[PDB]
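Structure file work.pdb (PDB, C-alpha atoms (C1' of nucleotides)) is printed below.
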```
ATOM      1  CA  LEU A 109    -105.844  16.672  64.406  1.00  0.00           C
ATOM      2  CA  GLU A 110    -108.950  14.624  63.599  1.00  0.00           C
ATOM      3  CA  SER A 111    -107.234  13.337  60.446  1.00  0.00           C
ATOM      4  CA  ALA A 112    -105.077  11.004  62.558  1.00  0.00           C
ATOM      5  CA  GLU A 113    -107.872   9.533  64.719  1.00  0.00           C
ATOM      6  CA  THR A 114    -110.187   8.448  61.894  1.00  0.00           C
ATOM      7  CA  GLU A 115    -110.053   6.390  58.716  1.00  0.00           C
ATOM      8  CA  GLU A 116    -112.203   8.506  56.396  1.00  0.00           C
ATOM      9  CA  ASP A 117    -111.205  11.898  55.003  1.00  0.00           C
ATOM     10  CA  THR A 118    -114.255  13.715  56.426  1.00  0.00           C
ATOM     11  CA  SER A 119    -115.455  14.282  59.982  1.00  0.00           C
ATOM     12  CA  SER A 131    -118.935  18.073  57.522  1.00  0.00           C
ATOM     13  CA  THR A 132    -115.755  20.038  56.876  1.00  0.00           C
ATOM     14  CA  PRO A 133    -112.916  18.139  55.166  1.00  0.00           C
ATOM     15  CA  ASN A 134    -110.469  16.536  57.577  1.00  0.00           C
ATOM     16  CA  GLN A 135    -107.397  16.822  55.334  1.00  0.00           C
ATOM     17  CA  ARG A 136    -106.219  17.555  51.807  1.00  0.00           C
ATOM     18  CA  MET A 137    -103.580  15.767  49.763  1.00  0.00           C
ATOM     19  CA  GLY A 138    -101.330  18.460  48.353  1.00  0.00           C
ATOM     20  CA  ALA A 139    -101.654  18.947  44.614  1.00  0.00           C
ATOM     21  CA  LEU A 140     -97.849  19.281  44.445  1.00  0.00           C
ATOM     22  CA  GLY A 141     -95.430  16.496  45.284  1.00  0.00           C
ATOM     23  CA  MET A 142     -91.659  16.748  44.852  1.00  0.00           C
ATOM     24  CA  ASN A 143     -89.075  14.028  45.311  1.00  0.00           C
ATOM     25  CA  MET A 144     -85.909  14.764  47.244  1.00  0.00           C
ATOM     26  CA  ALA A 145     -82.987  16.396  45.469  1.00  0.00           C
ATOM     27  CA  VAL A 146     -79.865  14.287  44.976  1.00  0.00           C
ATOM     28  CA  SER A 147     -76.383  15.339  43.947  1.00  0.00           C
ATOM     29  CA  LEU A 148     -75.562  14.604  40.321  1.00  0.00           C
ATOM     30  CA  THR A 149     -72.066  13.518  41.424  1.00  0.00           C
ATOM     31  CA  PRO A 150     -71.134  10.970  44.119  1.00  0.00           C
ATOM     32  CA  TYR A 151     -70.131  12.521  47.417  1.00  0.00           C
ATOM     33  CA  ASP A 152     -66.477  12.510  48.457  1.00  0.00           C
ATOM     34  CA  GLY A 153     -65.655  13.397  52.042  1.00  0.00           C
ATOM     35  CA  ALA A 154     -64.998  17.140  52.024  1.00  0.00           C
ATOM     36  CA  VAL A 155     -64.944  19.214  55.213  1.00  0.00           C
ATOM     37  CA  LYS A 156     -64.128  22.793  56.169  1.00  0.00           C
ATOM     38  CA  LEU A 157     -62.387  24.126  59.259  1.00  0.00           C
ATOM     39  CA  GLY A 158     -64.335  26.521  61.440  1.00  0.00           C
ATOM     40  CA  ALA A 159     -62.120  27.956  64.170  1.00  0.00           C
ATOM     41  CA  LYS A 160     -63.549  31.265  65.365  1.00  0.00           C
ATOM     42  CA  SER A 161     -61.365  34.337  65.732  1.00  0.00           C
ATOM     43  CA  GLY A 162     -59.898  35.252  69.093  1.00  0.00           C
ATOM     44  CA  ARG A 163     -57.180  34.258  71.536  1.00  0.00           C
ATOM     45  CA  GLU A 164     -59.822  32.950  73.974  1.00  0.00           C
ATOM     46  CA  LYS A 165     -60.029  29.419  72.571  1.00  0.00           C
ATOM     47  CA  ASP A 166     -62.827  27.801  74.552  1.00  0.00           C
ATOM     48  CA  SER A 167     -65.208  25.094  73.353  1.00  0.00           C
ATOM     49  CA  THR A 168     -67.809  25.828  70.644  1.00  0.00           C
ATOM     50  CA  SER A 169     -64.837  26.583  68.383  1.00  0.00           C
ATOM     51  CA  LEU A 170     -62.859  24.553  65.846  1.00  0.00           C
ATOM     52  CA  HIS A 171     -65.852  22.961  64.141  1.00  0.00           C
ATOM     53  CA  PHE A 172     -66.061  21.039  60.872  1.00  0.00           C
ATOM     54  CA  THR A 173     -68.665  21.546  58.142  1.00  0.00           C
ATOM     55  CA  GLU A 174     -69.242  19.042  55.347  1.00  0.00           C
ATOM     56  CA  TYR A 175     -69.842  20.542  51.904  1.00  0.00           C
ATOM     57  CA  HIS A 176     -70.367  19.207  48.393  1.00  0.00           C
ATOM     58  CA  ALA A 177     -69.265  20.904  45.165  1.00  0.00           C
ATOM     59  CA  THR A 178     -71.741  19.443  42.663  1.00  0.00           C
ATOM     60  CA  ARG A 179     -75.141  20.100  41.104  1.00  0.00           C
ATOM     61  CA  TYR A 180     -78.446  18.950  42.575  1.00  0.00           C
ATOM     62  CA  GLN A 181     -81.393  17.592  40.609  1.00  0.00           C
ATOM     63  CA  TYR A 182     -84.922  16.918  41.821  1.00  0.00           C
ATOM     64  CA  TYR A 183     -88.240  15.740  40.421  1.00  0.00           C
ATOM     65  CA  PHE A 184     -91.646  17.287  41.057  1.00  0.00           C
ATOM     66  CA  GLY A 185     -95.175  16.637  39.885  1.00  0.00           C
ATOM     67  CA  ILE A 186     -98.444  18.548  40.231  1.00  0.00           C
ATOM     68  CA  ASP A 187    -102.025  17.522  39.511  1.00  0.00           C
ATOM     69  CA  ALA A 188    -103.139  20.879  38.121  1.00  0.00           C
ATOM     70  CA  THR A 189    -106.751  19.678  38.055  1.00  0.00           C
ATOM     71  CA  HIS A 190    -106.581  18.917  41.791  1.00  0.00           C
ATOM     72  CA  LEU A 191    -106.028  22.620  42.500  1.00  0.00           C
ATOM     73  CA  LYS A 192    -108.996  24.447  43.995  1.00  0.00           C
ATOM     74  CA  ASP A 193    -108.041  27.488  41.900  1.00  0.00           C
ATOM     75  CA  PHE A 194    -106.555  26.445  38.564  1.00  0.00           C
ATOM     76  CA  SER A 195    -104.675  29.741  38.190  1.00  0.00           C
ATOM     77  CA  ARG A 196    -102.482  28.947  41.213  1.00  0.00           C
ATOM     78  CA  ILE A 197    -100.194  26.735  39.113  1.00  0.00           C
ATOM     79  CA  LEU A 198     -98.540  29.750  37.459  1.00  0.00           C
ATOM     80  CA  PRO A 199     -97.142  31.268  40.702  1.00  0.00           C
ATOM     81  CA  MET A 200     -95.819  27.840  41.666  1.00  0.00           C
ATOM     82  CA  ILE A 201     -93.961  27.580  38.347  1.00  0.00           C
ATOM     83  CA  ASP A 202     -92.553  31.066  38.888  1.00  0.00           C
ATOM     84  CA  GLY A 203     -91.382  29.952  42.324  1.00  0.00           C
ATOM     85  CA  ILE A 204     -89.819  26.780  40.946  1.00  0.00           C
ATOM     86  CA  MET A 205     -87.748  28.802  38.493  1.00  0.00           C
ATOM     87  CA  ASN A 206     -87.156  31.688  40.925  1.00  0.00           C
ATOM     88  CA  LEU A 207     -86.453  29.505  43.945  1.00  0.00           C
ATOM     89  CA  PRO A 208     -84.976  31.822  46.610  1.00  0.00           C
ATOM     90  CA  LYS A 209     -82.982  29.422  48.765  1.00  0.00           C
ATOM     91  CA  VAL A 210     -83.328  25.791  49.824  1.00  0.00           C
ATOM     92  CA  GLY A 211     -82.739  25.581  53.574  1.00  0.00           C
ATOM     93  CA  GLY A 212     -79.042  25.426  54.345  1.00  0.00           C
ATOM     94  CA  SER A 213     -75.935  27.269  55.421  1.00  0.00           C
ATOM     95  CA  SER A 214     -76.469  30.293  53.180  1.00  0.00           C
ATOM     96  CA  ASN A 215     -74.103  32.302  55.389  1.00  0.00           C
ATOM     97  CA  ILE A 216     -71.128  30.070  54.555  1.00  0.00           C
TER      98      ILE A 216
ATOM     99  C1'   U B   1    -107.185   7.532  47.478  1.00  0.00           C
ATOM    100  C1'   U B   2    -100.848   4.216  49.757  1.00  0.00           C
ATOM    101  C1'   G B   3     -98.372   3.083  58.513  1.00  0.00           C
ATOM    102  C1'   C B   4    -101.114   7.408  54.118  1.00  0.00           C
ATOM    103  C1'   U B   5    -102.991  12.843  54.410  1.00  0.00           C
ATOM    104  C1'   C B   6     -98.978  18.068  56.966  1.00  0.00           C
ATOM    105  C1'   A B   7     -93.754  17.981  57.871  1.00  0.00           C
ATOM    106  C1'   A B   8     -86.860  23.414  56.446  1.00  0.00           C
ATOM    107  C1'   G B   9     -81.594  20.330  61.148  1.00  0.00           C
ATOM    108  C1'   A B  10     -82.381  25.312  61.134  1.00  0.00           C
ATOM    109  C1'   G B  11     -79.932  30.305  62.763  1.00  0.00           C
ATOM    110  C1'   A B  12     -73.939  32.156  63.852  1.00  0.00           C
ATOM    111  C1'   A B  13     -68.572  31.278  63.683  1.00  0.00           C
ATOM    112  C1'   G B  14     -61.009  34.430  60.325  1.00  0.00           C
ATOM    113  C1'   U B  15     -56.870  28.406  61.465  1.00  0.00           C
ATOM    114  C1'   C B  16     -54.940  32.407  63.490  1.00  0.00           C
ATOM    115  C1'   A B  17     -50.381  35.249  65.251  1.00  0.00           C
ATOM    116  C1'   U B  18     -44.039  34.513  64.494  1.00  0.00           C
ATOM    117  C1'   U B  19     -39.881  32.137  61.908  1.00  0.00           C
ATOM    118  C1'   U B  20     -32.626  33.831  56.789  1.00  0.00           C
ATOM    119  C1'   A B  21     -31.695  26.888  54.139  1.00  0.00           C
ATOM    120  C1'   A B  22     -27.994  29.397  56.163  1.00  0.00           C
ATOM    121  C1'   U B  23     -22.624  29.074  56.660  1.00  0.00           C
ATOM    122  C1'   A B  24     -17.217  26.815  52.864  1.00  0.00           C
ATOM    123  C1'   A B  25     -15.511  25.058  48.304  1.00  0.00           C
ATOM    124  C1'   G B  26      -9.954  26.424  41.428  1.00  0.00           C
ATOM    125  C1'   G B  27     -12.887  21.125  36.601  1.00  0.00           C
ATOM    126  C1'   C B  28      -7.930  21.007  37.597  1.00  0.00           C
ATOM    127  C1'   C B  29      -3.296  19.603  35.558  1.00  0.00           C
ATOM    128  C1'   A B  30      -0.393  17.420  29.432  1.00  0.00           C
ATOM    129  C1'   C B  31      -1.037  17.409  24.297  1.00  0.00           C
ATOM    130  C1'   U B  32       2.118  20.375  16.585  1.00  0.00           C
ATOM    131  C1'   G B  33      -3.601  18.150  12.461  1.00  0.00           C
ATOM    132  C1'   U B  34       3.154  15.330  11.594  1.00  0.00           C
ATOM    133  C1'   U B  35       4.946  13.887   6.090  1.00  0.00           C
ATOM    134  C1'   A B  36       4.437  14.548   0.192  1.00  0.00           C
ATOM    135  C1'   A B  37       2.642  16.963  -4.056  1.00  0.00           C
ATOM    136  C1'   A B  38       3.297  21.204 -11.658  1.00  0.00           C
ATOM    137  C1'   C B  39      -3.691  23.054 -12.994  1.00  0.00           C
ATOM    138  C1'   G B  40      -3.944  20.417 -15.699  1.00  0.00           C
ATOM    139  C1'   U B  41      -5.517  22.363 -20.080  1.00  0.00           C
ATOM    140  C1'   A B  42     -11.517  24.972 -22.124  1.00  0.00           C
ATOM    141  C1'   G B  43     -18.766  25.631 -17.712  1.00  0.00           C
ATOM    142  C1'   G B  44     -21.842  33.309 -17.600  1.00  0.00           C
ATOM    143  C1'   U B  45     -25.552  38.382 -15.452  1.00  0.00           C
ATOM    144  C1'   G B  46     -31.559  41.546 -12.383  1.00  0.00           C
ATOM    145  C1'   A B  47     -33.915  48.488 -14.340  1.00  0.00           C
ATOM    146  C1'   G B  48     -34.713  56.844 -12.549  1.00  0.00           C
ATOM    147  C1'   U B  49     -37.065  61.569 -14.581  1.00  0.00           C
ATOM    148  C1'   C B  50     -39.003  65.782 -16.912  1.00  0.00           C
ATOM    149  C1'   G B  51     -37.563  72.505 -20.646  1.00  0.00           C
ATOM    150  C1'   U B  52     -29.288  74.775 -20.713  1.00  0.00           C
ATOM    151  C1'   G B  53     -25.660  76.082 -16.303  1.00  0.00           C
ATOM    152  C1'   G B  54     -18.967  76.982 -16.130  1.00  0.00           C
ATOM    153  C1'   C B  55     -15.399  75.810 -20.645  1.00  0.00           C
ATOM    154  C1'   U B  56     -15.524  74.554 -25.931  1.00  0.00           C
ATOM    155  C1'   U B  57     -17.221  77.700 -33.118  1.00  0.00           C
ATOM    156  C1'   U B  58     -24.035  76.662 -33.172  1.00  0.00           C
ATOM    157  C1'   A B  59     -21.538  72.328 -33.832  1.00  0.00           C
ATOM    158  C1'   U B  60     -19.779  68.288 -30.465  1.00  0.00           C
ATOM    159  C1'   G B  61     -17.833  66.909 -26.411  1.00  0.00           C
ATOM    160  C1'   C B  62     -15.555  68.109 -21.078  1.00  0.00           C
ATOM    161  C1'   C B  63     -16.805  69.594 -15.541  1.00  0.00           C
TER     162        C B  63
END
```
Show me, as structure tokens, the structure contained in the file I just sent.
Amino acid sequence: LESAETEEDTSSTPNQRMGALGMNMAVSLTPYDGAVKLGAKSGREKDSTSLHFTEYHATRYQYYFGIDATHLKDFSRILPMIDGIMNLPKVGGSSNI
RNA sequence: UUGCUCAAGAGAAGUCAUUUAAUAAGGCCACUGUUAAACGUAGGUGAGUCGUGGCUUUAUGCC
């Protein structure tokens, strides 16, 4: 909280910490063409909150990351991050569909 | 250390249930492959099984 109401980085315990890891956003390798999916839910009772449309994209995603390994408080923490980068569980999205 | 430092639009959802492209139709009616002749005379070959049996003089040939 104090990091936003002061100019320096200390206020003494540190006020903030720039993350040693920074990753750019992932972009699709292929230009997006308008593709949607129908979503009508089962049942004869056709009220609202049914017949929805979901946009999807059938391409590959690429992203760029960079870490200052020296900036890490514990130098050994870079290895678990690499393991996570290769074994990335799921990037937030409609994993159900 | 950058109007910065931190920052998931996220969790869930069947486009479903039903429908014969069906009923009818001749590619049909006509056509001669007609008419005539001297063979004068000189062109060749690719493929197994093994020790007496009925006649006949061993003979040597027949089945």
**Asked** What is the atom CA of residue A:210-atom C1' of residue B:12 distance in Å, reported with one decimal?
**Response**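 Distance between the two atoms: 18.0 Å.
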Per-residue nearest contacts chain A to chain B, cut-off 9 Å, using all atoms listed in the file, as CSV:
```
residue,atom,partner,partner_atom,distance
A:111,CA,B:5,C1',7.4
A:112,CA,B:5,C1',8.6
A:117,CA,B:5,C1',8.3
A:134,CA,B:5,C1',8.9
A:135,CA,B:5,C1',6.0
A:136,CA,B:5,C1',6.3
A:137,CA,B:5,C1',5.5
A:138,CA,B:5,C1',8.4
A:157,CA,B:15,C1',7.3
A:158,CA,B:13,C1',6.8
A:159,CA,B:15,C1',5.9
A:160,CA,B:13,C1',5.3
A:161,CA,B:14,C1',5.4
A:162,CA,B:16,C1',8.0
A:163,CA,B:16,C1',8.6
A:168,CA,B:13,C1',8.9
A:169,CA,B:13,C1',7.6
A:170,CA,B:15,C1',8.4
A:171,CA,B:13,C1',8.8
A:210,CA,B:8,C1',7.9
A:211,CA,B:8,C1',5.5
A:212,CA,B:10,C1',7.6
A:213,CA,B:10,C1',8.8
A:215,CA,B:12,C1',8.5
```
Name all residues at most 8 Å from stretch 173-186 of chain A (count all atoms listed in the file; drop same-chain ones fewer than 3 positions away) and give them as a tab-separated table (two decimals) with C-alpha atoms, keeping the file's coordinate frame.
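This went into part.tsv:
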```tsv
chain	number	residue	atom	x	y	z
A	139	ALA	CA	-101.65	18.95	44.61
A	140	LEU	CA	-97.85	19.28	44.44
A	141	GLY	CA	-95.43	16.50	45.28
A	142	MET	CA	-91.66	16.75	44.85
A	143	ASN	CA	-89.08	14.03	45.31
A	144	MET	CA	-85.91	14.76	47.24
A	145	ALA	CA	-82.99	16.40	45.47
A	146	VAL	CA	-79.86	14.29	44.98
A	147	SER	CA	-76.38	15.34	43.95
A	148	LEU	CA	-75.56	14.60	40.32
A	149	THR	CA	-72.07	13.52	41.42
A	151	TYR	CA	-70.13	12.52	47.42
A	152	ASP	CA	-66.48	12.51	48.46
A	153	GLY	CA	-65.66	13.40	52.04
A	154	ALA	CA	-65.00	17.14	52.02
A	155	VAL	CA	-64.94	19.21	55.21
A	156	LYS	CA	-64.13	22.79	56.17
A	157	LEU	CA	-62.39	24.13	59.26
A	158	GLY	CA	-64.33	26.52	61.44
```
**Prompt:** If you measure from atom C1' of residue B:49 to atom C1' of residue B:61, what distance in Å do you get, rounded to one decimal?
**Reply:**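 We find that atom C1' of residue B:49 and atom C1' of residue B:61 lie 23.2 Å from each other.
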**Asked** Distance atom CA of residue A:116-atom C1' of residue B:3, one decimal place?
**Response**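 For atom CA of residue A:116 relative to atom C1' of residue B:3, the distance reads 15.0 Å.
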